[PDB]
Number of protein chains: 2
Amino acid sequence: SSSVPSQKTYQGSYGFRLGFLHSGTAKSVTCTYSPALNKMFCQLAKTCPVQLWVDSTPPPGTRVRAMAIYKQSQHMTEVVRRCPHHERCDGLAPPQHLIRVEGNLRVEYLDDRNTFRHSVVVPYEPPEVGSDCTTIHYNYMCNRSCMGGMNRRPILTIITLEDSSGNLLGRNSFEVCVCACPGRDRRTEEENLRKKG
Amino acid sequence: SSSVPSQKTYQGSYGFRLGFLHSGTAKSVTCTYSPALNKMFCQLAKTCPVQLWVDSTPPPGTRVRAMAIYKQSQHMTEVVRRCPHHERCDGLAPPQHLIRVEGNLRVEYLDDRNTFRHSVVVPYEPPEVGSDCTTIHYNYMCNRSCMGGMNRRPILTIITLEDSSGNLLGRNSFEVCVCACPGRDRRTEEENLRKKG
DNA sequence: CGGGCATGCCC
DNA sequence: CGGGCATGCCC
Ligand SMILES: *C[C@H]1C(=O)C2CCN1CC2
Ligand SMILES: *C[C@H]1C(=O)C2CCN1CC2
Ligand SMILES: *C[C@H]1C(=O)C2CCN1CC2
Ligand SMILES: *C[C@H]1C(=O)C2CCN1CC2
Ligand SMILES: C[C@@H]1C(=O)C2CCN1CC2
Ligand SMILES: C[C@@H]1C(=O)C2CCN1CC2
Ligand SMILES: [Zn+2]
Ligand SMILES: [Zn+2]
């Protein structure tokens, strides 16, 4: 009955975890992940690699879904959407969707008929031989600050592993801040965490 | 042949001048006019009174037109428009128009067929007996900072007095900055003028 | 109300 | 590149 999807971490029977490349906090970096905050800082429309880790290999036909939700209680029931400006500015991705996947010939974009929430889905592919994870290249097509979209409200990205039958196999999430200067904003929030948290 | 309307002050044979109420520079004022900068600072969608002064009474059927243009040379040829967000948010005023007139049952909104520029027109009415000017209540429906609209670019409002035949009778203009805190921004720009101009 | 931070971006 | 200002708004 809820229109708010779960954000509860569920590693599940396949040991599903997310991973992120080690970047620095240089003021001009295009993205950087804070493990202390479980938070990705990245720039508008630029690659944001997410690693998928599993302890056991999911069955054939497993799918990987990404969806954004507002992190604060007072905004959780509102659907996260592209702002009118960037919407009016790919072909496969409808202009209303915040999250895109690049580099994948099998991407599917969903608008839920009951909850109206947007998600983007790709097939799960096992890591190549010798590699321990699979990487998906996400793109966030608005800044957190965009008026008429996120309007400065923080968001979570929820990644779910789902089998072809629709069984939830795993769930993980991270906060995302799409901003002009990811390195500066990570440094500021981490400093604020240490001194005022 | 030019698609850029004139901004040249032309008092004309009727002695046409603009006037503005004396406001202060309190941080929360809804609008304030700087004579030193010939610049109105005002808030989004709130009243911005403009006084019309004439030395001689224009003929019956005179009209008062307002139009915005970008002040900087590099943007002058681009049409000033409402941003996509506030456009998607009166009835008589088309959503694309930046400048509205409130309180007037005879307002006309024009989209020029050749230049595509927007303007808003009302009849000229002489001042009431004993009064020296006529006031028009303008509304600016975007902030200067709106992405996809003015996008932080400065603008002029050009007020023209025109007879019913379309003869230009007078022209005046002022800079406009639609901002959150008109009193603060006037104080800052005037201080910057005095010390760095 | 006014002080002050967060965030985009400096033509 | 990084320093720093301008501007919206603080839940
Ligand atoms: C944002 C992400 C990238 O695209 C590379 C630079 C920074 N971070 C790790 C690798
Ligand atoms: C963070 C800041 C920089 O360092 C350049 C890229 C992003 N932003 C504007 C210029
Ligand atoms: C903005 C304009 C108004 O509406 C009154 C207050 C400030 N200024 C003069 C009168
Ligand atoms: C300027 C500042 C104020 O003083 C209030 C009105 C406008 N802005 C936000 C709150
Ligand atoms: C997760 C794993 C790694 O650490 C590197 C880059 C991505 N994957 C294969 C090698
Ligand atoms: C221009 C003139 C004034 O100064 C007051 C207010 C508006 N007009 C009539 C009286
Ligand atoms: Zn946007
Ligand atoms: Zn706007």
Side-chain angles (χ1 to χ4, degrees), chain A residues 23-32 34 37 39-46 70-78 83 85-86 140-151 153-155 175-190 192-193 196-197, chain B residues 23-32 34 37 39-46 70-78 83 85-86 140-151 153-155 175-190 192-193 196-197:
Chain A
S23 172
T25 49
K27 196 189 176 176
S28 65
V29 71
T30 68
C31 84
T32 185
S34 167
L37 303 167
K39 183 170 183 178
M40 169 66 73
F41 301 76
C42 62
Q43 290 178 335
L44 159 70
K46 286 182 196 168
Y70 286 118
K71 169 190 152 194
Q72 300 161 288
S73 284
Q74 106 172 250
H75 301 299
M76 222 183 284
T77 61
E78 174 176 332
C83 83
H85 172 238
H86 287 117
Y140 292 88
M141 308 306 299
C142 277
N143 285 313
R144 190 170 73 174
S145 64
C146 281
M147 187 166 46
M150 289 179 281
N151 195 18
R153 299 169 286 187
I155 58 153
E175 181 170 352
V176 185
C177 180
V178 191
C179 50
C181 296
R184 171 184 71 175
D185 297 0
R186 179 180 166 197
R187 204 191 339 283
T188 293
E189 188 169 353
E190 284 185 344
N192 284 347
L193 205 225
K196 331 188 170 70
Chain B
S23 172
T25 49
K27 196 189 176 176
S28 65
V29 71
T30 68
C31 84
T32 185
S34 167
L37 303 167
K39 183 170 183 178
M40 169 66 73
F41 301 76
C42 62
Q43 290 178 335
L44 159 70
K46 286 182 196 168
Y70 286 118
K71 169 190 152 194
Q72 300 161 288
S73 284
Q74 106 172 250
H75 301 299
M76 222 183 284
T77 61
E78 174 176 332
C83 83
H85 172 238
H86 287 117
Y140 292 88
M141 308 306 299
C142 277
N143 285 313
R144 190 170 73 174
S145 64
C146 281
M147 187 166 46
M150 289 179 281
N151 195 18
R153 299 169 286 187
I155 58 153
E175 181 170 352
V176 185
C177 180
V178 191
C179 50
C181 296
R184 171 184 71 175
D185 297 0
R186 179 180 166 197
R187 204 191 339 283
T188 293
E189 188 169 353
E190 284 185 344
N192 284 347
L193 205 225
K196 331 188 170 70

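Reminder, nothing fancy here: chain letters follow the sequence lines and each chain counts from 1.
Rounding to whole angstrom units, CG of residue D185(B) and P of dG8(D) are separated by 7 Å. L44(A) has its CG atom 10 Å from the P atom of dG8(C), to the nearest Å. Residue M150(A) contributes atom CE, which lies 16 Å from atom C1' of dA6(C) at whole-angstrom precision. Rounded to whole Å, atom P of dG8(C) lies 19 Å from atom CZ of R153(B). When the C1' atom of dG8(D) is taken as reference, atom CG of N143(A) falls 15 Å away, rounded to whole Å. Summarising the geometry, the separation between NZ on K27(B) and P on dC10(D) is reported as 13 Å, rounded to the nearest angstrom. Atom CZ of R184(B) is separated from atom P of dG3(C) by 11 Å (rounded to the nearest Å). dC9(D) atom P lies 14 Å from atom CZ of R144(A), rounded to whole Å.
Here the nucleotide nearest the side chain of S28(A), chosen from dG8(D), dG2(C), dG2(D), is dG2(D).
For the salt bridge (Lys or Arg N to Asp or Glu O under 4.0 Å) test, residues two or more places apart in sequence or in another chain that qualify with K71(B) are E175(B). Evaluation of the side-chain hydrogen bond (donor to acceptor under 3.5 Å, both in side chains) rule for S23(A) yields no partner, not counting sequence neighbours.
Side-chain N/O atoms of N192(B) include none lying less than 4.0 angstrom from OP1 or OP2 on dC5(D). Residue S145(B) places at least one side-chain N or O under 4.0 Å from the OP1 or OP2 atom of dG8(D).
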Criterion side-chain contact (heavy atoms from CB on, under 4.5 Å) on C83(A) and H85(B), from CA distance to verdict | CA-CA 8 Å; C83(A) 83; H85(B) 172 238; over 6 Å; no

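With a 3.5 Å ceiling on both atom-pair distances, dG2(D) lacks any Watson-Crick or G-U wobble partner.
In this structure, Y70(A) and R153(A) approach most closely via the heavy-atom pair OH-NH2, 3.1 Å.
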